[PDB]
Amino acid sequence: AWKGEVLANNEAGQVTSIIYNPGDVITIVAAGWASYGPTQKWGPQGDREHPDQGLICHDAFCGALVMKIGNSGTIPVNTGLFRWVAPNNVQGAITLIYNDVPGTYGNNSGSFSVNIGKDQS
């Protein structure tokens, strides 16, 4: 299992010790407060009112927690995933990333505390 912090201004994202393999079932739980710029902070679901201006993940709100698995595209994580299986041909190290527009992570603040574990299969 892995636990650690995902910083909102970390554009490269946070690499974890979790390698997703074919057939794996995982659970993620994310908590905390972060901002993509404004003084206000939002949870792992991000800001439902902010327009998408080039987010690294178009299937999640700005300020949401997302992930990449290996060299997959971004996958929404939000508050977490419950006993979750990946799409086919998706595998590799899990990296957690704050959802923001590339080149605009500089003014971000806060972080998400995240737990990841593999479940029974």
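Numbers follow the displayed sequence, beginning with 1.
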Practice problem: Look up the CA B-factors in the entry and say which stretch, 99-107 or 18-26, has the higher mean. | Solution: 18-26
Exercise. Look up the CA B-factors in the entry and say which stretch, 61-69 or 81-89, has the higher mean.
Key: 81-89
Practice problem: Within this chain's modelled residues, let me know which third the CA B factor of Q45 belongs to: lowest, middle or highest. | Solution: lowest
Self-check item: Chain thirds of CA B-factor: placement of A1
Solution: highest
